[PDB]
Structure formats: C-alpha cells, structure tokens
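So this first bit is one chain, no partners, the form deposited in one PDB entry, shown in structure tokens.
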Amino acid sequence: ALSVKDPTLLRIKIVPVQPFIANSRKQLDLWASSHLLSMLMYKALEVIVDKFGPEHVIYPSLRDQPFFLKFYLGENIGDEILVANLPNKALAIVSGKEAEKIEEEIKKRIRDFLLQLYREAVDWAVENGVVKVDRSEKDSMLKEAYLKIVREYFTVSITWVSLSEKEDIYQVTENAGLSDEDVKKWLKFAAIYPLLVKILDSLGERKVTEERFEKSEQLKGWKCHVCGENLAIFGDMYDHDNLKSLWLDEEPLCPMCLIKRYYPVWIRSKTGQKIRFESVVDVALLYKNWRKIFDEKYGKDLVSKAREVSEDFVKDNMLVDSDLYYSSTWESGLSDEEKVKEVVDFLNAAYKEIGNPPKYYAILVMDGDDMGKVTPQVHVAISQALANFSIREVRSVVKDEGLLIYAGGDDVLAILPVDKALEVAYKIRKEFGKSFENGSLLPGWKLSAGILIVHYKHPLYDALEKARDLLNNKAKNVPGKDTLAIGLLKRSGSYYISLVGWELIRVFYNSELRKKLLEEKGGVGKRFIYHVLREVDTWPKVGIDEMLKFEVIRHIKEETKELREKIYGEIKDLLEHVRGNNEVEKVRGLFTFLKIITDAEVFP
C-alpha cells in the first residue's frame, strides 16, 4: 500500500512467553502453550487485518501464515497447522485516529477469547472426568476468583508513534541515549524508520511493564500442580487430599493450566489436527527408527501380555503410555503381578536382538543473532523471507524427524531424537544462510542455537530453562556468536557443555574420526577421551600438538601410520571450529563434545 492519512507505526507485544511454556508437565502442554500464544497474536492481528488487511502488517508477513489461510480465509491446510509460526511481537502501519480503538479492541479480543476457552474447557473437564464432580458444582468453577486469573494472566501491549511528525534528529536522538552511532542514521541529508522502531520498543517496554503488574491478589488454597502459582480450581474449598481426589491423575489444575489441557482437543475440533507425538518418549523412540522396528517385530504381541496384566493398561491394541516400552517402568514405579516377570524378561530379550531403548531426547532452540539488518518496504521483504524460511524451509527439514513446535522466523523450538539433533540444527542453519544468500567466509546473518539432551524423566520446566540458558548464556556470549551450544544432562545429574562453530557438524560428520568411533566396535582406544581431557586440565609442558600426537598414537598395520595422520589431521581441523579463548579451552570443548555424542547410555 503505502498511501494513507496520518500513517502510524503500531507495535504489539504479548507476555508472558517462556514462563508460560515452562509451566508444562508434558510435551502436549509445551506444544499447547506455544500454539496458543501464536493464536493470541493472530486474534490481535485480526483487528488490523479486518480494519486494513494483511499488507499493512509489516511483521510478521501474514500472507502465507497457515493461521491466516485457515482462519481468515478458511482454506484447508492440514497438519501444517500444528506448527506455531507466529511470534509475540508485531508491527503494522495504521491511521492515528483508529489506533487507540485498536488498543482497546485487541486487549478485549484476546481477553474475551481466553474466557471462551476457559468456559469450553470447564464443560470439557467436567464431562470427560477431568474434574470429576456433580454438574451442580459447575457454577462454582466460573466464579470471579477463577475468571480474574484468566483475564489478568496475559498482557498484550499496544504502542504507536506518528510517522508524520515534526522532526529534529538532534532532539530525537537525544532523548534516547545512543551516541557515536549517528553517521549512518544521524546522516539523512536528502523516514527515520530504523531509529523510529527502536524507540517504539523502548516505548513498548514501558507500557508492558506497567500493564503486567496490574495484577489482582488471589484466594487462599492449594495451587495448580503444573504451574504451582495459581490457586487450583476448588483449591479454596477442600483439604489437599480430598481435592487431589476430584482430579484425574491426581493433578489439580488452575484455570490457565486447565485451558492448557483442553487446548489440544479444541484445535482438533477446529482443525481435526493433532501432533504425532504427545510425549518426549514418543520422540525419543524415533532414534534409529528403533520403535518402528520393535513394535513391528514384537510390538504386535506386547499388548496382550501387558493387556494380560491390566485391562486399563491399554486401549486399541496400542499402549496408553509410551514409557511402558521401558522395562524399568514395569520393574518399578507402576501406577495381577505374575505377568510382570515375563514382560520385563520379555522386553530384555527384545533388547538383546534390537539393542537397548533410547531414554534420551533433545530440545532444539535457535535464535537469530543479532537482529535485524538495520525502508519500511525493505523491512517487509525481510519479513516475507523470514516467514518463508520459518513456514516452509524449517518445516521441510524437521519434517518427520521429530516435533517442530515453534518457528517465528529467526527463532525456533523443536524436539528431536538424539540421532537427528546435530543433523537438523546444521541444516536449518544452512537454509537460513542461503535464504539470505549470505556468502562466507564472513557471514551475518548469523544464527545461534542450544541443544539440550535430557533423560525423558527429567522435569520439562527445568529442561527448558537450561536449554534457553545454553542459547542465551553460552552460545550468544561467544564473540561473533553464530554458535551452537550443546548440553548433555544425564540422569546422574552430570552436565556436559560444548560450544562449537556450525561447520564442526560438517567436518566431524564425514570425518574418519567419527567413523572409527562409529565403527568403534571393534573399538578405538578406550580412555582416549579421558586421557586427552586429563592433559588439558593444565597446559601440557609438551604442548598441545605433541600431546595430541602422543595420545593419537597410544590409541588407534601399514595403514596405522596413515590412519593416525588422518585422525590427528581431522582433530586439528575441528579445533578450528570449537569456541574457546585458548587452545586449551578448545581441546576440552572438542573432546567434551566427543564425550557427548559417544555416550553409550545416550546413544545405544
């Protein structure tokens, strides 16, 4: 478009984002949280579209958003729809007069929307035995105490500035404190869009902060188990034990976490779409197509023996819970008895033939550093590109390798099985690179990521905190960024971190070294890694190269000389792509990395 009266820059922000997602006990909660959030932006975005249409939304680019296709144009979209492609920030160009109305409306549009879900959620919960109570009591679930929680939880903040206004760059640059950066934009001698946006943020951050603290107090009573923060429904009324009783799975649920449980079914009704994996274990078992093969080879039988154990153990010739694949589950933690032995033993026998079951999965978080590439139209093209990358490029990579939850453009959240984590992150990175046609050696656009490998039993909220920590605190503190931070958290509690360049994936993959470790059995020198790491506890008097040379020989007949050359050569190559201020830091990083991808318990 670009022709209008009193064009105004409008910015929208929604919160909380990470804290909301973190309050998930299961992947399904995690997905619902991410999906719902995007939806909220959409609702918020609707207002602008209704009033002006897509083209006036600079960011994100609406035109291809599935949500846009499938809710504004009722096109048919399929499982494409499960992915949340909408970020929680947006900006549009709009008339000054209608702006404040837009603010009132969006706030209300989302507020009303949340209220619906709670209500449909209430009906749903009580009917399907989630809440387990006389429908007479239902009226109790809709009291102001619970309603207020839903209204107040999310703060969507709308801010705007006049794009037509009296301008002095001396004064404008002045109020915002940003000196020594004037020539690129201080210099306009021939509208200040790029500077204009950044102030908006500054302005937006002022509103969100006030508005997110206008929060009402709550009644005494037991808190939701998932979220742990808001009064569990009926929390005020009962003692804890009895209250635990009203809830299935013994999980009392606040409103905002109840909507979480209901949200999955609601999209399904709306779209007839569900995610393939409701569990991390579901994603874990993808590793080596281990599950596909096992269920097929023994899977067929497994239920009746298990079914023989319990009628409620399963429905539809399918296991209710995937963790039942793990003998350990049977072995302990179950929640008549003779059957246990044969299955356990049954399953252990199974492991004999196919190998042991993967109990580890990976969380992949990626963010674009540092955005953007600081003209409204220039902004749009970037946005369209980002939308294209997110919507199609990332989806094609993760397609069928794991669960893609969120792709807002530069940023990503995916759950992958261990064997595909590195593979996928690198691929995404490249696609991201090509999509902006950045040419090395010296790129930016740059992208950093965090890969957290966790045991399935590990609390989701904590896994998320750590994974984000890897991205923000490790990968992005590296100078130049464009880094991948890998963290292996083991059930033992041992946490291993490696920061590496992106090409390290490439080099190590297709390395003889990888092959020997992969072709490890018959194996390469055991303690190779321990020994090298030991020498890097301090500067080897011998020096790095010697020790390496030395260690490479201790572990590995005519060819053996040729082989060590290569390995030593390959190792020297990798260190180039391991982050670290010194060669000592790099050696640990590389060999810590090797330690990670070679853990038998993580990579059966």
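Residues that one form lacks are left out of the comparison. In this text, rigid core is short for the largest set of C-alphas that superpose within 1.5 Å between two forms. Throughout, we count residues from 1 along the sequence that is shown.
Discussion item. Is it the case that at least a third of the other compared entries omit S164, given both of its neighbours are modelled there?
Written reply: Other entries vs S164: at least a third skip it.
Worksheet item: In at least a third of the other compared PDB entries, does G439 have no coordinates?
Response: Yes, left without coordinates in at least a third.
Worksheet entry | Count class of deposited residues lacking coordinates, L563 to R564 | Going from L563 to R564, the model skips no residues of the deposited sequence.
Fill in: Between neighbours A191 and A190, residues that the deposited sequence lists but the model omits
Missing residues, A190 to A191: 10 or more.
Practice prompt. Identify the stretch, either 133 to 141 or 469 to 477, whose C-alpha atoms have the larger mean B-factor according to the entry.
Written response: Result: 133 to 141.
Worksheet entry | Greater mean Cα temperature factor according to the PDB record, 233 to 241 or 308 to 316 | Averaged over C-alpha atoms, the B-factors run higher in 308 to 316.
Fill in: C-alpha B-factor winner, where the candidates are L416, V183, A407, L484
Comparing C-alpha B-factors across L416, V183, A407, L484, the top value belongs to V183.
Discussion item. Out of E423, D321, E105, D411, whose C-alpha atom has the biggest B factor in the entry?
Written reply: Top of the list by C-alpha B-factor: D321.
Worksheet item: In terms of the CA temperature factor given in the entry, to which third of its chain does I556 belong: lowest, middle or highest?
Response: Top third by C-alpha B-factor.
Practice prompt. Give the position of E120 by CA B-factor within its chain, expressed as the lowest, middle or highest third.
Written response: It belongs to the lowest third of the chain when residues are ordered by C-alpha B-factor.
Worksheet item: In terms of the chain's CA B-factor thirds, is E214 lowest, middle or highest?
Response: According to the entry, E214 has a C-alpha B-factor in the chain's middle third.
Practice prompt. Could you look up the Cα B-factor of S164 in the entry and say which third of the chain it sits in: lowest, middle or highest?
Written response: As the PDB entry reports it, the C-alpha B-factor of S164 lands in the highest third of its chain.
Worksheet entry | Lowest, middle or highest third - CA B-factor, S179 | Its C-alpha B-factor, which the entry lists for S179, ranks in the highest third among residues of this chain.
Another form, the form deposited in another entry, is not on view; read the next lines as being about it.
Discussion item. Quick check on the comparison between the shown form and the other one: with the core aligned, only one of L73, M318, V183, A381 should show a Cα shift of at least 2 Å. Which one is it?
Written reply: Result of the superposition: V183 is the only one at 2 Å or more.
Worksheet item: Given a CA distance change of at least 3 Å, are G480 and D182 closer or farther in the other entry?
Response: Result: closer.
Worksheet entry | Note on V478-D182 C-alpha separation in the other entry, which departs from the shown form by 3 angstroms or more | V478 and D182 sit closer together in the other entry.
Practice prompt. Once the rigid core is superposed, list every run of three or more consecutive common residues with all C-alpha shifts of 2 angstroms or more between the shown form and the other one, in sequence order.
Written response: Three-plus residue runs displaced between the shown form and the other one: 178 to 190, 331 to 333, 523 to 526.
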